[PDB]
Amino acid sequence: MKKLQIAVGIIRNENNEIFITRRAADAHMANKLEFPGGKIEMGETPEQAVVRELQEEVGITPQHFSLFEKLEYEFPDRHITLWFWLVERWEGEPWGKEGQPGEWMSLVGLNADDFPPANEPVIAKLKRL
């Protein structure tokens, strides 16, 4: 079974909204809402990975961010370790840089059912802030 390390960014603005994209229909976890992010490559750190993935996917450089949660989740065909970084300062304005849907969503209104099941404890913990 494939084992992957994934770094994602919880991009939170001053109005308690999170920048959320929707995964492509032919991707793993197709059509799900997601925090922007992706695989940590050989030779790069989890911190470097979340910067690179947010630059690629939504056009921002996260700065002065912190590890909100790290967890492991066994999907039917792969095992993933997810690094959830809380990103409250960044350079740029996030957008659908890869042509993917992206929009600001109120934290209180997030529905964990809309995201991959691995995100359930993170979404709950975020609403506790």
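The first residue of the sequence shown is number 1, and the count goes up from there.
**Student:** Please compare 29-37 with 63-71 and say which has the higher mean C-alpha temperature factor in the record.
**Tutor:** Mean C-alpha B-factor is greater for 63-71.
**Student:** Looking at the entry, does 92-100 or 53-61 show the higher mean C-alpha B-factor?
**Tutor:** According to the PDB entry, the answer is 92-100.
**Student:** Sorting the chain's CA B-factors, does residue 87 end up in the lowest, middle or highest third?
**Tutor:** Its C-alpha B-factor, which the entry lists for residue 87, ranks in the lowest third among residues of this chain.
**Student:** Quick one: classify residue 17 as lowest, middle or highest third of the chain based on its Cα B-factor.
**Tutor:** Within its chain, residue 17 is a lowest-third residue by C-alpha B-factor, going by the deposited values.
**Student:** Could you tell me which third, lowest, middle or highest, the C-alpha B-factor of residue 8 occupies within its chain?
**Tutor:** Lowest third, going by the recorded CA B-factors of the chain.
**Student:** Would you mind ranking residue 107 by its C-alpha B-factor against the rest of the chain and naming the third, lowest, middle or highest?
**Tutor:** As the PDB entry reports it, the C-alpha B-factor of residue 107 lands in the lowest third of its chain.
**Student:** Which third of the chain does residue 117 land in by C-alpha B-factor: lowest, middle or highest?
**Tutor:** It falls in the middle third of the chain.
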